[PDB]
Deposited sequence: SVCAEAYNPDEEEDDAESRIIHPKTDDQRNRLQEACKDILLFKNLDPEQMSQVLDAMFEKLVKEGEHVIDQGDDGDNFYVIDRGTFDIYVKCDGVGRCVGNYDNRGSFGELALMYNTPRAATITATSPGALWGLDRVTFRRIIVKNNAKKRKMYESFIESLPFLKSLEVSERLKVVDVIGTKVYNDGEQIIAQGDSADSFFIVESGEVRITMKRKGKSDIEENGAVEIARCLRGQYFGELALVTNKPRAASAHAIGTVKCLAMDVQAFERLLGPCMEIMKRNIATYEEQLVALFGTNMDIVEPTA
């Protein structure tokens, strides 16, 4: 076991930084404690290359604070495929598939990261993903909207999703809120409402259906709220995973978007500007 001593201020900041990391959701309190003890802090300077495309993987990072740009060099040209804003994680691909870094991550401000060495990672996270794969691989392959992906790409979706459970009445997401997750209902029922004024029910999602994609596609705040009816289980994915893996089905989703407009105009007379 690898262990790094941390001040009290570090443990509080570390625990708060890890609370929403999807790759840690399917871990028991004991595996999680080992991960926490293995975490070490790392300061980064603005302009610093935390990760360079092509290198061997070494650590997995959870963001404590700071901004970062994501670059993928495609044919001598560097594209900015996204960014991180004071929250999130990265560097898990090289450690899961033993491949070279697939992108360059640069800090665009001073910041801090929580690192986790590859050994502790593969020993716990990777071991845990195998378990996750046995529970959901079948379910994910069967989703109609994911048929657009190559079969190998679909299997990779399982590696980065995390399970989230909600009790009856819990708010899953709120209208007007910023968005960082894409959801897939695993079990239970999710009620979608929108405020004209009072809240109006506009849709319900059952096993196999998704929601929370509109904000990620149009880059806007959540257009509606979502609450759980009874006990709900959702498979969540962060926006970076969404953009890396679901590009192939940005059509089927774009096609479902148009429907959102018609429905709202029909119910309210205005499209509420969701596009």
item: Stretches with no C-alpha atoms in the model, relative to the deposited sequence starting at 1; value: 1-18, 215-222, 302-305
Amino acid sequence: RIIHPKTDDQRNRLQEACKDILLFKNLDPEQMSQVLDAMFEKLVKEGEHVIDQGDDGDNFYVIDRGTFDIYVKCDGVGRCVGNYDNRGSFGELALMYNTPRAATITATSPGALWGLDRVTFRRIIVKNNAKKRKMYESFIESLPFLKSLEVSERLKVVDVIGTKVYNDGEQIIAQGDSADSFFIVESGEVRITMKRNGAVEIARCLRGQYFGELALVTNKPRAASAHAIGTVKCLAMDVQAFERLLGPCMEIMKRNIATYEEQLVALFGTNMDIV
From here on, numbers count along this sequence of modelled residues.
item	value
145-153 versus 121-129 - which carries the larger mean C-alpha B factor in the record	121-129
17-25 versus 247-255 - greater average Cα B-factor per the deposited record	247-255
Largest Cα B-factor, entry values, listed residues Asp159, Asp85, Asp75, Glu189	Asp75
Lowest, middle or highest third - CA B-factor, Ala236	lowest
Entry-reported Cα temperature factor of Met135, expressed as the chain third it lands in	highest
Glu46, C-alpha B-factor rank within chain (lowest, middle or highest third)	middle
Third of the chain's Cα B-factor distribution that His227 belongs to, per the entry	lowest
Chain-relative CA temperature factor third for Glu30	highest
